[PDB]
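Trainee: got an experimental structure here, sequence first:
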Amino acid sequence: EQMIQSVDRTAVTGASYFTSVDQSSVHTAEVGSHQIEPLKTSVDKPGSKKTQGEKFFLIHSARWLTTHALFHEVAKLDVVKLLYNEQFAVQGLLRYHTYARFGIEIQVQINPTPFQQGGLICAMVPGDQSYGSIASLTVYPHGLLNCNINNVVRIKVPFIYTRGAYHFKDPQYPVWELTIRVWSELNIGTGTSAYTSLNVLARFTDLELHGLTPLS
Amino acid sequence: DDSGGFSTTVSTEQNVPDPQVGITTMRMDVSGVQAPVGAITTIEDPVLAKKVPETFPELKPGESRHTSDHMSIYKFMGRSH
Amino acid sequence: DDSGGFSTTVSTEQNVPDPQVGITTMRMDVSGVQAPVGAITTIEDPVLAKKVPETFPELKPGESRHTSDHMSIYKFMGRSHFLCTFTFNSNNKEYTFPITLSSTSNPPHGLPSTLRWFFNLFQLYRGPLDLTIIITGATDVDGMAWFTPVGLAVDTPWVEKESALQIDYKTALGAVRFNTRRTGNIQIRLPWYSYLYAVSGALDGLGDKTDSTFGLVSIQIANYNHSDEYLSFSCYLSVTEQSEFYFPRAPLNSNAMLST
Amino acid sequence: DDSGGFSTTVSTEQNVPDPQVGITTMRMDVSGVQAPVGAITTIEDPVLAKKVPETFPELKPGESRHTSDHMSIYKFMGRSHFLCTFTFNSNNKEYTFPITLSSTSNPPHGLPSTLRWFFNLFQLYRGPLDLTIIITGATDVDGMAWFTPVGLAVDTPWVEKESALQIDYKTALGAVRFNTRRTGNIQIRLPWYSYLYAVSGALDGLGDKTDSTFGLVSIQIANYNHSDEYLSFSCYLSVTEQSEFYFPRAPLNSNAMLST
């Protein structure tokens, strides 16, 4: 008595997010393998979320002048909403996902010539620009800019939100928001440049993605 | 590195709560003899902003006269408003 | 699991080459007494399709009568087969012929009989060749034959014309110097010079005119001719041992196997 | 100190040859995690200019696909490149051609395409060469080719004329005897015969006409000719292993690299 083997019928086959149970199974054919190359035509690392989510995106840039008086709101920029944009690399990770958890890394770059004087402030503001004081904004994790010491600072801020995760397609309220008040007025002499440059870079830290959607 | 990046200018997360207990107690002169390094500093550097401040020869202020800490929230807002 | 998935119906990658050595040798009856389980089976299951077949009581066929394995490629294609033929007519005429592995290239302009069937048996191709040509006709002609890789400039293929390329372009790349009287024979390696990795046999579009071809040999003559006698060359290609084959393909029909 | 002096600003001798072997092989990520110190640097400081460069997270490129190193001179210039060509016209005509490494010597009278670029890449030159010539045209011509060093007398260069030099001057120095029918090929070492040490590529004045040139090969024929057929010779120079290069020089422009 010799038994001839047959084909399997019922099995749990499919992805963790793409699951379909078949009543008639078949062995999937596979020839070859993932052949390694001693000669690679490109010299980079392979792409991942670790190198696509953690990369600075220029979300905003301005130009601060002399005519801006004290505590004038130069820029009112939203953090995550400008990150969720088609012209950046994180759109390929945020279009196919709905609910997320992440940390925000802000880096702000300005450039004074040292014949100018003055000061700028960038603050990471959650919720609202409500009746809280402008002269009390140092309680926020912020940055202070000066025409004397340095011109590039970077800010690490966490996820500050009421619910569990953030909805991109219909948010309750924006998680973070940055503002630029004139911390000290831009004073020059004759022939000195009456302006300075301004850049706002941003990236994600510790990114989590959940809730895949088929629609756009 | 975890994210494969780098950092050159010293600036990080700021304003962690509860720096100090507000009841006055002893942890001699506080300053004096040594020149004050904590007066002049860089506020644009947050590590240099966390330096022990002084400007004058000072000594121990002493202790307080109420064991009830009037600077903790759990005994401050016990009065109902 | 590596990908976090699952598989229920047994079906995987198929048609791995070299199942068996084709020379006949002994590894008694093969079948008989035991009932044939290998006759009836499921071809839709590839594991059940890889069962040892039998239908009858058979025994050992024996050994073969030639030690030379006539079923390995490295000793089968050692016989050199036709590529092209061409004649010169006037003084300093420069001839140019490619090696176009496309099956669209009907003979003579392309692959003839044995090369068109064989080099369209498989998808990918990598390695050097061998070329054997014969000088036939008028004697005492001092010509020159050179190889030109892809990317670099060369004259128009399948066209006998005057050379528009200078000798410093010809001496720097590599050629040979010979007369028809001294040795009268060339057996040459064809160098594998490409920035791309491998070449194909049957493609479409701009990939067919670029990724199928790999090399080209072009010839200009001199001292041809004196008192009128035709000089005829003919190209026969042969194989070497540093080439390897990839992705066995369905062979061509009886229609495109055109013979010259 | 040896000279009793001092040095404050860091600046020394520069541009030592052979920094790296050019075949691609492995000596994981090259950069990435650590911040790039090799991107921004001081080029005015040559110690800071010798820092390991990076700007991006990179990893190992891998190996190459040819064991033959195509970036060493001793296997790059093994391919022989054009020098000159000349034809004979009458009986016992003596031809004379030098090997003039001057970049002022425009081709044909001097260095042509590959020799003019390559032998003006460097200042000093010492060692023997290789010359490969081809007999093309009328057959059964018994000529003679000989070398003549510097200082000794020889006939006028780049001029086809009758020989004014006796055979006892020709047999004592060194030559060859050959017919066009027997072997039809010459691959010859060029002897390094000079009382000076090395030769240059680009000089001026009387140093250019003396210290750039090192050798000369001059040819007289006989039995040329019978029934009228042109005999054409062409000179291709090649390299050997006993020569060494000195003082890497800025390469020539695109204008003086004239091709023939």
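Mentor: Now that the structure is in, tell me what you want to look at. Residues are numbered from 1 along each chain as shown, chains lettered A, B, ... in the order given.

Trainee: who in chain A is up against chain B?
Mentor: Contacts of chain A with chain B, taken as CB under 8 Å from any CB of the partner chain, map to A:50-51, A:54, A:138-144, A:146, A:149-150, A:152-158, A:205. (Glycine included, C-beta is placed from N, CA and C.)

Trainee: in the chain, what residue spans correspond to helices?
Mentor: No chain specified, so I'll use chain A. Remark: helices assigned in chain A by DSSP state H are A:49-52, A:79-83, A:91-94.

Trainee: nope, chain B
Mentor: B:46-49, B:73-76.

Trainee: among those, which is the most enclosed?
Mentor: Counting by mean count of other CB atoms under 10 Å in any protein chain shown, helix B:46-49 has the highest mean neighbour count of these, with a mean of 14.

Trainee: convert that one to PDB, retaining C-alpha atoms only.
Mentor: Output of helix B:46-49 as PDB, limited to C-alpha atoms (Å, rounded to 0.1, in the frame of the first residue of the first chain):
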ATOM      1  CA  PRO B  46      20.600  76.300  26.900                       C
ATOM      2  CA  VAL B  47      23.400  74.400  28.600                       C
ATOM      3  CA  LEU B  48      25.100  77.700  29.400                       C
ATOM      4  CA  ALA B  49      21.700  79.000  30.500                       C
END
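
Trainee: now residue A:137: how far from residue C:234?
Mentor: 89 Å (CB to CB, to the nearest Å).

Trainee: before we move on, what about residue A:214?
Mentor: From residue A:214 across to residue C:234, the span is 63 Å (CB to CB).

Trainee: check residue A:36 too.
Mentor: From residue A:36 to residue C:234 the distance is 43 Å (CB to CB).

Trainee: other residues contacting stretch B:42-62?
Mentor: Residues from elsewhere that reach stretch B:42-62 (CB atoms under 8 Å, 6 or more residues apart in numbering or on different chains): A:144, A:146, A:149-150, A:153, B:10-12, B:14, B:24, B:26, B:28-33, B:36-39, B:41.

Trainee: need the distance between the two termini of that stretch.
Mentor: One end of stretch B:42-62 to the other measures 31 Å (CA to CA, to the nearest Å).

Trainee: flag every buried residue along that stretch.
Mentor: By neighbour count on 16 or more other CB atoms under 10 Å in any protein chain shown, the buried set for stretch B:42-62 is B:44, B:45, B:46, B:54.

Trainee: who's in contact with the nearest residue to residue B:71 once chain neighbours are set aside?
Mentor: Leaving aside its sequence neighbours, residue B:71 sits nearest to residue B:22 (CB to CB, 6 or more residues apart in numbering or on different chains; 3.4 Å). Going by CB under 8 Å, 6+ apart, residue B:22 touches B:69, B:71, B:72.

Trainee: got the residues of chain B near chain D?
Mentor: B:1, B:4, B:6, B:7, B:8.

Trainee: where do the strands of chain B begin and end?
Mentor: Taking DSSP state E as the criterion, chain B carries no strands.

Trainee: for chain D, what's its nearest residue on it.
Mentor: residue B:6 (3.3 Å; CB to the nearest CB).

Trainee: ok, the most centrally placed residue in chain B to chain A distance?
Mentor: Geometric centre of chain B, nearest residue: residue B:19, 5.4 Å, by CA atoms, centre = their mean. Separation of residue B:19 from chain A (CB to the nearest CB, to the nearest Å): 12 Å.

Trainee: now do the same contact list for that residue.
Mentor: So residue B:19 contacts nothing (CB under 8 Å, 6+ apart).

Trainee: what's the burial count for residue A:4?
Mentor: 11 (other CB atoms under 10 Å in any protein chain shown).

Trainee: so in chain A, which strand runs the longest?
Mentor: Per DSSP E, chain A has its longest strand at strand A:195-210.

Trainee: name the helices or strands packed onto it?
Mentor: Using 3 or more CB pairs under 8 Å, 6 or more residues apart in numbering or on different chains; DSSP states H and E, the elements in contact with strand A:195-210 are strand A:57-65, strand A:73-78, helix A:79-83, helix A:91-94, strand A:99-111, strand A:177-187.

Trainee: give the pairing partners of it; include direction for each.
Mentor: Sheet pairing for strand A:195-210, assigned by DSSP bridges, gives strand A:57-65 (antiparallel), strand A:99-111 (antiparallel).

Trainee: number of residues surrounding residue B:81?
Mentor: 3.

Trainee: picking up where we left off before, and the longest strand of chain A, how far out from the chain's middle?
Mentor: Chain-centre distance of strand A:195-210: 5 Å, with CA atoms, centre = their mean, to the nearest Å.

Trainee: the inter-axis angle of it versus strand A:177-187?
Mentor: Per axes from the mean of the first three to the mean of the last three CA atoms, to 10 degrees, the angle that strand A:195-210 makes with strand A:177-187 is 170 degrees.

Trainee: just to revisit the earlier point, farthest pair in the residues of chain B next to chain D?
Mentor: B:4 and B:8 (15.2 Å; CB to CB).

Trainee: so for those two, which residue has more residues nearby?
Mentor: Per other CB under 10 Å, whichever of residue B:4 and residue B:8 has more neighbours is residue B:4, with 17 against 8.

Trainee: what sits up against stretch A:22-38?
Mentor: Outside stretch A:22-38, the residues that reach it (CB under 8 Å, 6+ apart) are A:7-11, A:13, C:7-16, C:44-47, D:62-63.

Trainee: repeat for stretch A:180-194
Mentor: Stretch A:180-194 has contacts (CB under 8 Å, 6+ apart) with A:62, A:64-66, A:68-76, A:113, A:115-123, A:134, A:137, A:144-145, A:195-196, A:198.

Trainee: try 7 Å this time
Mentor: Here stretch A:180-194 makes contact (CB atoms under 7 Å, 6 or more residues apart in numbering or on different chains) with A:62, A:64-66, A:68-75, A:113, A:115-122, A:134, A:144-145.

Trainee: of these, just the buried ones, PyMOL syntax please.
Mentor: In PyMOL, this line selects whichever of these come out buried by 16+ other CB under 10 Å:
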select buried, chain A and resi 62+64+66+68+74+75+116+117+118+119+120+121+122+144+145
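
Trainee: so what's the residue count around the residue of chain A found nearest chain D?
Mentor: Residue of chain A nearest chain D, by CB to the nearest CB: residue A:38 (4.0 Å). Neighbour count for residue A:38, taken as other CB under 10 Å: 13.

Trainee: from residue C:171, how far off is it?
Mentor: Note on residue A:38: its distance to residue C:171, by CB to CB, is 34 Å.

Trainee: over to residue A:42?
Mentor: Distance from residue A:42 to residue C:171, counting by CB to CB: 36 Å.

Trainee: thanks a lot, catch you later.
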